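Read the single chain below, which is given as structure tokens and is the form deposited in one PDB entry.
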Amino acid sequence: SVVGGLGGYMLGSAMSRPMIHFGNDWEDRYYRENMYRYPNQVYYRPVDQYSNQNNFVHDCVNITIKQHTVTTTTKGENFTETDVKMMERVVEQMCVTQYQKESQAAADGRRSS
């Protein structure tokens, strides 16, 4: 068992829903129709072995957007580029906070910070 079949990733716990405003008329309703479908939790690898938060977020969004995209079509969840491009944001806003929770016992000290 490795968080669902990953290269040594882990899973925190259920996050908040962000407030994403694409400025649109369809995207706002799109977002409001899948706000609870979207992955309330995000996968990550340990910030200890990162450089910046950037790469961490790159792959913490991306690995969520592979895992939650494949392992959810069991319920018929069929996230196209349209849902994926929302997840890129949704999971980013969550993942920023995620690093602020995992860095705590990892890179909270050891970022000279």
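Each residue number is its position in the shown sequence, starting from 1.
Absent from the display: the form deposited with a small molecule bound. The rest refers to it.
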- Task: Would you please decide whether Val70 lies within 4.5 angstroms of the small molecule in the deposited complex, comparing each non-hydrogen atom pair?
- Result: yes
- Message: Using a 4.5 angstroms cut-off on non-hydrogen atoms, would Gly109 count as touching the small molecule in the deposited complex?
- Response: no
- Could you confirm whether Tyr9 comes within 4.5 Å of the small molecule in the deposited complex, counting heavy atoms only? yes
- Task: Indicate whether the small molecule has at least one heavy atom within 4.5 Å of a heavy atom of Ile63 in the deposited complex.
- Result: yes
- Query: In terms of non-hydrogen atoms within 4.5 angstroms, which of the given stretches 70-78, 48-56, 29-37, 84-92 touches the small molecule in the deposited complex?
  - Reply: 70-78
